[PDB]
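Proteins come first, then strands; the chains are lettered A, B, ... in the order of their sequence lines, and each starts at number 1. Ligands are counted one by one from 1 in listed order, and the atoms in each one are counted from 1 as well.
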Amino acid sequence: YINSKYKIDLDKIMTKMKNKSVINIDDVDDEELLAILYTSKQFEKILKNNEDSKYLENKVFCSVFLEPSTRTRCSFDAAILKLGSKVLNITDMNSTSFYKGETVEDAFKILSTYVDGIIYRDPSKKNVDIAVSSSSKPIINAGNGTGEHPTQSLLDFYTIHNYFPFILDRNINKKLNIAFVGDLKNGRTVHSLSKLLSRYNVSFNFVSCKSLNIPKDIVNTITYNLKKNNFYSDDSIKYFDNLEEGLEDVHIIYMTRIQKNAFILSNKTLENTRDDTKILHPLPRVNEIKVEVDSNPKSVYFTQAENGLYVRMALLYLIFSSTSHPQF
Amino acid sequence: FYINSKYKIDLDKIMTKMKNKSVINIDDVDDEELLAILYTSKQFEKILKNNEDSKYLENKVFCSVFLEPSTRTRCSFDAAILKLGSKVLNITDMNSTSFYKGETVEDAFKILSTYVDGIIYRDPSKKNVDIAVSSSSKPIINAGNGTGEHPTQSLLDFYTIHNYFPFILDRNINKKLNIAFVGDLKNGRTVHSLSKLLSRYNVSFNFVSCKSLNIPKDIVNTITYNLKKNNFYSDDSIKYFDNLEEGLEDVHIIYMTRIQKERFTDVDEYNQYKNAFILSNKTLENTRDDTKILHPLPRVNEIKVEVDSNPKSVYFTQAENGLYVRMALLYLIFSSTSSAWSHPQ
Amino acid sequence: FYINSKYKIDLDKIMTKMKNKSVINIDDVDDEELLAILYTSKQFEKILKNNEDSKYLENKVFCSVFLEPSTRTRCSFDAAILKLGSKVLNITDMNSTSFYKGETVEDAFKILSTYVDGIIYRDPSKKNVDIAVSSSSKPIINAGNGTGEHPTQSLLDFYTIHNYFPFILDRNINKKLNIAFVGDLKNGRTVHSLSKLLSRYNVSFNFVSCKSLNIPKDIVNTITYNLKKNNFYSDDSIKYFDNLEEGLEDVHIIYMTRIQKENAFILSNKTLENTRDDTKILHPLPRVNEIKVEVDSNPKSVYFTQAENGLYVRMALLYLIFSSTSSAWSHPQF
Ligand SMILES: NCc1ccc(Cl)cc1
Ligand SMILES: NCc1ccc(Cl)cc1
Ligand code: NA
């Protein structure tokens, strides 16, 4: 087991990930990220070649979604079913209608006796953490109000690593440059991915209108993670209020929603980007990326959404398997 | 592989052709495709009635998206997927606006088709099913939309008719099927679709309705065109009646429609439309002995509960056949390949 | 071959009889059927606790119809079907009127039973479950209705009790089980059902409640009838208290219920000091204030193990009804 040049003791890394809950991207260390990226890649090649994907039969999951996040739940359902496991769904409720005046702690204590594991999406931060205390079974956070959404960060990173596999090397001479564009204050997907990218030799352009810029505590985390690996310089983090400057010499453009224009991506705005630049967007989009860009080979936001299948399959496999691993 | 012992079906050849086909409209199904669907449906009927292994399509994952309540049809599709041995993730109890939370139909289907092998889609918007078909990298089966397209209802209607009157398939000038369509023929879109499919064959139509609620001109033109193309059109091909006793005379099939009170000016005008076209053992005495009664269901007042005991009634077998026809269609479309030995027998 | 500590079970014979049986009411389950359910539940308990293969009923497709929210009970049934290796399609987030949309219960179940092997049905209407049973060509398991029939709740309550007090099965005059039912005994239908089942055995009942909320007369009569039939009825068979101190004295089981104000009957470590060493605490759940969170630590509490046993009991019942094996060799046997 290799990613061209890093040997993965997938056995050793699984013994450690077995029955781990994944709430925040900080719950995933370097070795765990390598295992997730290696395994995701195998599910990518197995599904693209129409091979048997059933590496985790015999599990029964509960999926609890206490806000509409139909794309994210469908992605998790598809991953569970494609692995050959089974799922029981709780949807089209909110927190108050589901906890009909019963405690979160009682609910998860009981529900964890029925299933092998739980996919949980709830806009309350409090609730996911109470669920983790009370559950006898691993929980995968599918998203909460504090902007923790680890499978989104993991599929974002997997997507970037497919075009720029040198992000993993921590080589001083091989730096990745990313522009984050739009609502960086409220775009929590940016906060999570920034935290993960700063573990590596990465340089950040935060492109926003003053009012909606990256929060100070996220810039502190980036600075801390860059200093720890001796990749911090005065050039590590730049701030722009316009695309022309922001999109210059960046390998990745990561677009977000801007609710309430200067931050609209078009084929025109993409002319003075590198030949190799790739465009991510966690989706859904509104106006932020013009439909014309879909034809531009730099666009990968739809491949990005697709990779979420492979990354969620990988993570379920590595956590819930009771080991013959996926290969080729 | 034969049907009626007349027509040999190259199920391999026909599968290679149907593989990953979307089915939106009954015109997406040709003669050979219909024969393959009828043959395969029949095998699933005999396999399930004899409690044998039904698992002819195991390794597939479907998404079922129903953006209006159509619980019988959704359950029928779920059951077909699950009985074949495949798996399904469901979207129900949403409408168009709550599901497309201001995201484009194009974007939504582009993403969702990366997660699954196939999509079952029901949406009252016709626009939406067509956009879904353009954007989806995977086959779509229309489970029903606003323009009255509902091809699996047409297919199970036809399968049901062909079980009692297998000569509809022969296109023989001397072996004509006579069907009476009864009730709200303006709004009974199930009639429009089945008419279109029956007119491909040697068939004669009684449209039994009252004034306001007759079969639309565009459907009559389609029937006329399809009958002329197979040299089965005469002055007798299409008759119109405003009452049962004339309408039900010398017809092999009676197809009753839903009559929703929602469709009149008041509850008055609705109750005098029921009564006029309500089916009873009395109204059925001067029908042929071989007459069979279909109804797409639900039945409310259109057919009296006493008729359920009448051996002419098949509307419950009809609903049941939807399982076997949806299993057949999924098998033929979503098998990754076919071998001689792998088809239902 | 199949033994229940010391009772030999002809699981083949009992299955040939239970095959395609509907289970609406706890009285649809006789002595032999209860022994089979307890034996089979126990196997699923040991198989799942040891992460062994649980797939003793693959190849089945169920419909689960829940025409009121009862999310815990629906999840429990879904989990049981999926763990057995079968498949289920769901009808939820509907009520009676939105699902029937003025089509008959009889037509709906006639059609739906052509699609599936079996139906799990929860509906507040009692009329509806009975019409569903007439119309369905396939077995129905009642998951709950308004007349308080909920047989899998009675069965998992009983399974839980039998795990700590296996002598309830012996019908031995010298080995009597004493249970206190606490709270809203008028409206706590789970009490009515369990009482009916426990009274088939050598059992003594403390009904602890106020005045407005006492056990109804007709349930006391059923208990008296079932106790008299097995020569276990005395003037001491049924006692009535309005306070915990007296109610909880010398009882092997405390079964708590919801007391919804539309104070006095709250279980704490203090109220549990004058119970037997061996007493176990059940509660069908959910709880509100009836049991203080401190009691969860008290080894006498088993209400969470109780809810867990619902998985193993619902797996057992689905297996025993819907299995189409022949061989004695194919039954669970840990
Ligand atoms: N209805 C928005 C949407 C898009 C994609 C998916 Cl997978 C699900 C829902
Ligand atoms: N009523 C909230 C709840 C739902 C499911 C389960 Cl299993 C437990 C409690
Ligand atoms: Na499902």
inquiry  = Regarding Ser136(B) and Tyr121(B), do their side chains bring together a donor and an acceptor under 3.5 Å, going by distance alone?
reply    = no
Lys59(A) NZ/CZ over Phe320(A) ring centroid, <6.0 Å and within 45° of normal = no
query = When you measure from the centre of the six-membered ring of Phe77(B), is the NZ or CZ of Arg326(B) under 6.0 Å away and within 45° of the axis?
reply = yes
message = Residue by residue, ordered by chain and number, which ones reach under 4.0 Å of ligand 1 with a heavy atom?
response = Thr70(A), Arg71(A), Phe99(B), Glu103(B), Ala108(B), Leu112(B), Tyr115(B)
Any residue meeting salt bridge (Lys or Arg N to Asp or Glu O under 4.0 Å) with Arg74(C), in chain and number order, not counting sequence neighbours =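 Checked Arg74(C) against salt bridge (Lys or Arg N to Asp or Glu O under 4.0 Å); matches are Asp78(C).
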inquiry  = Would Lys83(B) and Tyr115(C) count as a side-chain contact (heavy atoms from CB on, under 4.5 Å) here? Give the steps.
reply    = CA-CA 9 Å; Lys83(B) 270 302 279 165; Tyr115(C) 293 169; over 6 Å; no
key: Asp129(A)/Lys125(A) salt bridge by N-O under 4.0 Å criterion   = no
